[PDB]
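Source file input_11.pdb; content: PDB, C-alpha atoms.
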ATOM      1  CA  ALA A   1     -30.231 -23.466 -54.025  1.00  0.00           C
ATOM      2  CA  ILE A   2     -32.923 -20.921 -53.231  1.00  0.00           C
ATOM      3  CA  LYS A   3     -34.998 -18.671 -55.469  1.00  0.00           C
ATOM      4  CA  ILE A   4     -37.056 -15.879 -53.953  1.00  0.00           C
ATOM      5  CA  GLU A   5     -39.716 -13.723 -55.549  1.00  0.00           C
ATOM      6  CA  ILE A   6     -39.766 -10.460 -53.621  1.00  0.00           C
ATOM      7  CA  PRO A   7     -42.603  -7.881 -53.777  1.00  0.00           C
ATOM      8  CA  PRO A   8     -41.849  -5.003 -56.160  1.00  0.00           C
ATOM      9  CA  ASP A   9     -42.047  -2.538 -53.247  1.00  0.00           C
ATOM     10  CA  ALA A  10     -39.350  -4.159 -51.079  1.00  0.00           C
ATOM     11  CA  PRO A  11     -36.507  -1.624 -50.702  1.00  0.00           C
ATOM     12  CA  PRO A  12     -33.034  -2.595 -51.935  1.00  0.00           C
ATOM     13  CA  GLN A  13     -31.627  -3.141 -48.422  1.00  0.00           C
ATOM     14  CA  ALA A  14     -34.407  -5.650 -47.719  1.00  0.00           C
ATOM     15  CA  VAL A  15     -33.544  -7.411 -50.969  1.00  0.00           C
ATOM     16  CA  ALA A  16     -29.815  -7.522 -50.203  1.00  0.00           C
ATOM     17  CA  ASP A  17     -30.428  -8.683 -46.642  1.00  0.00           C
ATOM     18  CA  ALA A  18     -32.750 -11.456 -47.850  1.00  0.00           C
ATOM     19  CA  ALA A  19     -30.060 -12.663 -50.241  1.00  0.00           C
ATOM     20  CA  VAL A  20     -27.371 -12.727 -47.567  1.00  0.00           C
ATOM     21  CA  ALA A  21     -29.731 -14.601 -45.214  1.00  0.00           C
ATOM     22  CA  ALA A  22     -30.664 -17.026 -48.006  1.00  0.00           C
ATOM     23  CA  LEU A  23     -26.971 -17.561 -48.662  1.00  0.00           C
ATOM     24  CA  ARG A  24     -26.333 -18.347 -45.010  1.00  0.00           C
ATOM     25  CA  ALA A  25     -29.216 -20.824 -45.012  1.00  0.00           C
ATOM     26  CA  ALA A  26     -28.025 -22.527 -48.210  1.00  0.00           C
ATOM     27  CA  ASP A  27     -24.247 -22.490 -47.546  1.00  0.00           C
ATOM     28  CA  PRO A  28     -23.172 -21.330 -44.075  1.00  0.00           C
ATOM     29  CA  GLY A  29     -19.532 -21.798 -45.163  1.00  0.00           C
ATOM     30  CA  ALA A  30     -19.768 -19.662 -48.301  1.00  0.00           C
ATOM     31  CA  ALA A  31     -17.510 -16.990 -46.759  1.00  0.00           C
ATOM     32  CA  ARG A  32     -14.552 -19.418 -47.166  1.00  0.00           C
ATOM     33  CA  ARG A  33     -15.252 -19.988 -50.905  1.00  0.00           C
ATOM     34  CA  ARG A  34     -15.224 -18.096 -54.232  1.00  0.00           C
ATOM     35  CA  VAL A  35     -18.356 -15.931 -54.259  1.00  0.00           C
ATOM     36  CA  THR A  36     -19.790 -13.762 -57.064  1.00  0.00           C
ATOM     37  CA  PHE A  37     -22.820 -11.473 -56.672  1.00  0.00           C
ATOM     38  CA  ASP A  38     -24.525 -10.484 -59.955  1.00  0.00           C
ATOM     39  CA  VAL A  39     -26.999  -7.567 -59.974  1.00  0.00           C
ATOM     40  CA  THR A  40     -28.779  -7.129 -63.319  1.00  0.00           C
ATOM     41  CA  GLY A  41     -31.817  -5.260 -64.540  1.00  0.00           C
ATOM     42  CA  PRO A  42     -33.300  -2.944 -67.146  1.00  0.00           C
ATOM     43  CA  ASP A  43     -33.450   0.334 -65.217  1.00  0.00           C
ATOM     44  CA  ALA A  44     -29.921   1.632 -64.664  1.00  0.00           C
ATOM     45  CA  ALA A  45     -30.878   3.480 -61.473  1.00  0.00           C
ATOM     46  CA  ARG A  46     -32.714   0.595 -59.719  1.00  0.00           C
ATOM     47  CA  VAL A  47     -29.804  -1.648 -60.696  1.00  0.00           C
ATOM     48  CA  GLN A  48     -27.294   0.655 -59.029  1.00  0.00           C
ATOM     49  CA  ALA A  49     -29.542   1.068 -55.981  1.00  0.00           C
ATOM     50  CA  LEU A  50     -29.534  -2.713 -55.416  1.00  0.00           C
ATOM     51  CA  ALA A  51     -25.782  -2.933 -56.083  1.00  0.00           C
ATOM     52  CA  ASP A  52     -25.222  -0.279 -53.418  1.00  0.00           C
ATOM     53  CA  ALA A  53     -27.356  -2.319 -51.006  1.00  0.00           C
ATOM     54  CA  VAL A  54     -25.276  -5.432 -51.674  1.00  0.00           C
ATOM     55  CA  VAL A  55     -22.077  -3.513 -50.928  1.00  0.00           C
ATOM     56  CA  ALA A  56     -23.590  -2.296 -47.650  1.00  0.00           C
ATOM     57  CA  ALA A  57     -24.804  -5.740 -46.547  1.00  0.00           C
ATOM     58  CA  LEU A  58     -21.409  -7.313 -47.243  1.00  0.00           C
ATOM     59  CA  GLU A  59     -19.567  -4.487 -45.501  1.00  0.00           C
ATOM     60  CA  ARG A  60     -21.536  -5.257 -42.342  1.00  0.00           C
ATOM     61  CA  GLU A  61     -20.451  -8.917 -42.547  1.00  0.00           C
ATOM     62  CA  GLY A  62     -16.850  -7.688 -42.765  1.00  0.00           C
ATOM     63  CA  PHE A  63     -16.387  -8.089 -46.562  1.00  0.00           C
ATOM     64  CA  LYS A  64     -14.958  -4.920 -48.126  1.00  0.00           C
ATOM     65  CA  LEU A  65     -15.519  -4.233 -51.833  1.00  0.00           C
ATOM     66  CA  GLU A  66     -13.673  -1.788 -54.097  1.00  0.00           C
ATOM     67  CA  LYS A  67     -15.153  -0.439 -57.317  1.00  0.00           C
ATOM     68  CA  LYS A  68     -12.692  -1.613 -59.944  1.00  0.00           C
ATOM     69  CA  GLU A  69     -14.265  -0.476 -63.203  1.00  0.00           C
ATOM     70  CA  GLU A  70     -17.210   1.150 -64.963  1.00  0.00           C
ATOM     71  CA  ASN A  71     -18.186   0.081 -68.443  1.00  0.00           C
ATOM     72  CA  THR A  72     -20.631   0.383 -71.343  1.00  0.00           C
ATOM     73  CA  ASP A  73     -21.189  -2.450 -73.821  1.00  0.00           C
ATOM     74  CA  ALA A  74     -22.131  -2.220 -77.500  1.00  0.00           C
ATOM     75  CA  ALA A  75     -25.838  -1.774 -76.770  1.00  0.00           C
ATOM     76  CA  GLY A  76     -24.963   1.104 -74.440  1.00  0.00           C
ATOM     77  CA  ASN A  77     -25.904  -0.876 -71.318  1.00  0.00           C
ATOM     78  CA  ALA A  78     -24.011   0.476 -68.313  1.00  0.00           C
ATOM     79  CA  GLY A  79     -22.077  -1.861 -66.043  1.00  0.00           C
ATOM     80  CA  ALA A  80     -19.606  -2.033 -63.209  1.00  0.00           C
ATOM     81  CA  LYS A  81     -17.347  -4.500 -61.388  1.00  0.00           C
ATOM     82  CA  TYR A  82     -16.436  -4.509 -57.687  1.00  0.00           C
ATOM     83  CA  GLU A  83     -13.876  -6.880 -56.161  1.00  0.00           C
ATOM     84  CA  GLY A  84     -12.911  -7.879 -52.640  1.00  0.00           C
ATOM     85  CA  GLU A  85     -10.474 -10.302 -51.061  1.00  0.00           C
ATOM     86  CA  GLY A  86     -10.629 -14.009 -51.711  1.00  0.00           C
ATOM     87  CA  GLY A  87     -12.084 -13.652 -55.174  1.00  0.00           C
ATOM     88  CA  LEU A  88     -15.241 -11.903 -53.986  1.00  0.00           C
ATOM     89  CA  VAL A  89     -16.823 -10.117 -56.956  1.00  0.00           C
ATOM     90  CA  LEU A  90     -19.935  -7.967 -57.454  1.00  0.00           C
ATOM     91  CA  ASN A  91     -20.876  -7.612 -61.165  1.00  0.00           C
ATOM     92  CA  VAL A  92     -23.406  -4.882 -62.063  1.00  0.00           C
ATOM     93  CA  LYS A  93     -25.014  -5.010 -65.512  1.00  0.00           C
ATOM     94  CA  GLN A  94     -27.926  -3.387 -67.319  1.00  0.00           C
ATOM     95  CA  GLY A  95     -30.107  -5.785 -69.278  1.00  0.00           C
ATOM     96  CA  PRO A  96     -33.676  -6.443 -70.379  1.00  0.00           C
ATOM     97  CA  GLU A  97     -34.553  -9.166 -67.847  1.00  0.00           C
ATOM     98  CA  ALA A  98     -36.351  -8.266 -64.610  1.00  0.00           C
ATOM     99  CA  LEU A  99     -34.176  -6.905 -61.790  1.00  0.00           C
ATOM    100  CA  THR A 100     -32.333  -9.877 -60.317  1.00  0.00           C
ATOM    101  CA  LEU A 101     -29.669 -10.524 -57.702  1.00  0.00           C
ATOM    102  CA  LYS A 102     -27.840 -13.861 -58.074  1.00  0.00           C
ATOM    103  CA  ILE A 103     -25.169 -15.406 -55.831  1.00  0.00           C
ATOM    104  CA  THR A 104     -22.761 -17.976 -57.270  1.00  0.00           C
ATOM    105  CA  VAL A 105     -20.520 -20.003 -54.961  1.00  0.00           C
ATOM    106  CA  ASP A 106     -17.644 -21.949 -56.481  1.00  0.00           C
ATOM    107  CA  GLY A 107     -19.258 -21.542 -59.895  1.00  0.00           C
ATOM    108  CA  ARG A 108     -22.749 -22.731 -58.877  1.00  0.00           C
ATOM    109  CA  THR A 109     -25.815 -20.511 -58.545  1.00  0.00           C
ATOM    110  CA  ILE A 110     -26.973 -20.767 -54.932  1.00  0.00           C
ATOM    111  CA  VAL A 111     -29.350 -17.795 -54.505  1.00  0.00           C
ATOM    112  CA  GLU A 112     -31.572 -15.908 -56.931  1.00  0.00           C
ATOM    113  CA  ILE A 113     -33.850 -13.041 -55.956  1.00  0.00           C
ATOM    114  CA  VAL A 114     -36.188 -11.658 -58.623  1.00  0.00           C
ATOM    115  CA  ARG A 115     -38.361  -8.541 -58.282  1.00  0.00           C
TER
END
Write-out of the structure in structure tokens:
Amino acid sequence: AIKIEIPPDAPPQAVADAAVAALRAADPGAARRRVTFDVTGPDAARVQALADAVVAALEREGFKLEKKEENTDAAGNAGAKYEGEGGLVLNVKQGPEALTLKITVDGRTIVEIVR
């Protein structure tokens, strides 16, 4: 597993690309498994910017995502779910903790990037 602290000025595409590279370094076979990306943070707009960057990075690897749903929980936190083939999921969720991108492979957290 890898955890990265990334400078607060790194643009979302640099964050997404670091996570995909970290994933390849930690599990080069992850593409064959059940993979969930989780993008969470307090500012709804920075959260969506990083989610968009994750979609773009995966699309370049050949992994297509479809927005399945938008949602709002009891606190009013906005969220969204994207799914691809093979159980690929991208969960997007507003929450108090610092902006984070996590990658879980077969139920185990493999990559965490915190801003």
One decimal place gives the CA of residue 96 in chain A-CA of residue 53 in chain A separation as 20.8 Å
Which residues come within 12 Å of residue 21 in chain A, counting all atoms listed in the file, excluding same-chain residues fewer than 2 positions away, as an MDAnalysis selection string?
chainID A and resid 2 4 14:19 23:28 30 57:58 61 103 110:113
Answer key for the PyMOL selection byres ((chain A and resi 43) around 12), residues as a PyMOL selection string:
chain A and resi 39-42+44-50+77-79+92-100
Distance query residue 104 in chain A at most 9 Å, only C-alpha atoms, self and fewer than 2 positions along chain excluded, as an MDAnalysis selection string:
chainID A and resid 34:38 102 106:111
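Ranking A:56, A:1, A:90, A:51 by their shortest atom-to-atom distance to residue 68 in chain A, with all atoms listed in the file included, puts A:90 first.
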As an exercise, work out the distance from CA of residue 54 in chain A to CA of residue 13 in chain A in Å and give it to one decimal place.
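Result for CA of residue 54 in chain A versus CA of residue 13 in chain A: 7.5 Å, one decimal.
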What does the structure give for the distance between CA of residue 80 in chain A and CA of residue 101 in chain A, in Å to one decimal?
14.3 Å
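Ranking A:114, A:20, A:74, A:105 by their shortest atom-to-atom distance to residue 59 in chain A, with all atoms listed in the file included, puts A:20 first.
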Could N, CA and C atoms be built for range 95-109 of chain A and written out as a CSV table (one decimal), in the frame of the given file?
chain,number,residue,atom,x,y,z
A,95,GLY,N,-29.6,-4.8,-68.3
A,95,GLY,CA,-30.1,-5.8,-69.3
A,95,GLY,C,-31.6,-5.9,-69.2
A,96,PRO,N,-32.2,-6.5,-70.3
A,96,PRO,CA,-33.7,-6.4,-70.4
A,96,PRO,C,-34.4,-7.2,-69.3
A,97,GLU,N,-33.8,-8.3,-68.8
A,97,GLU,CA,-34.6,-9.2,-67.8
A,97,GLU,C,-34.9,-8.4,-66.6
A,98,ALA,N,-35.9,-8.9,-65.9
A,98,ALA,CA,-36.4,-8.3,-64.6
A,98,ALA,C,-35.2,-8.2,-63.6
A,99,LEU,N,-35.2,-7.1,-62.8
A,99,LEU,CA,-34.2,-6.9,-61.8
A,99,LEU,C,-33.9,-8.2,-61.0
A,100,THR,N,-32.7,-8.6,-61.0
A,100,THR,CA,-32.3,-9.9,-60.3
A,100,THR,C,-31.0,-9.7,-59.6
A,101,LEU,N,-30.9,-10.4,-58.4
A,101,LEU,CA,-29.7,-10.5,-57.7
A,101,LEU,C,-29.4,-12.0,-57.6
A,102,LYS,N,-28.2,-12.4,-58.1
A,102,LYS,CA,-27.8,-13.9,-58.1
A,102,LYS,C,-26.5,-14.0,-57.3
A,103,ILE,N,-26.4,-15.1,-56.5
A,103,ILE,CA,-25.2,-15.4,-55.8
A,103,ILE,C,-24.7,-16.8,-56.3
A,104,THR,N,-23.4,-16.8,-56.8
A,104,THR,CA,-22.8,-18.0,-57.3
A,104,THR,C,-21.6,-18.3,-56.3
A,105,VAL,N,-21.5,-19.6,-55.9
A,105,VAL,CA,-20.5,-20.0,-55.0
A,105,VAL,C,-19.8,-21.2,-55.6
A,106,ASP,N,-18.5,-21.0,-55.8
A,106,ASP,CA,-17.6,-21.9,-56.5
A,106,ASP,C,-18.3,-22.3,-57.8
A,107,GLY,N,-18.7,-21.3,-58.6
A,107,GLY,CA,-19.3,-21.5,-59.9
A,107,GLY,C,-20.7,-22.0,-60.0
A,108,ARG,N,-21.4,-22.2,-58.8
A,108,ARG,CA,-22.7,-22.7,-58.9
A,108,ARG,C,-23.7,-21.7,-58.3
A,109,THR,N,-24.8,-21.5,-59.0
A,109,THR,CA,-25.8,-20.5,-58.5
A,109,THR,C,-26.5,-21.1,-57.3
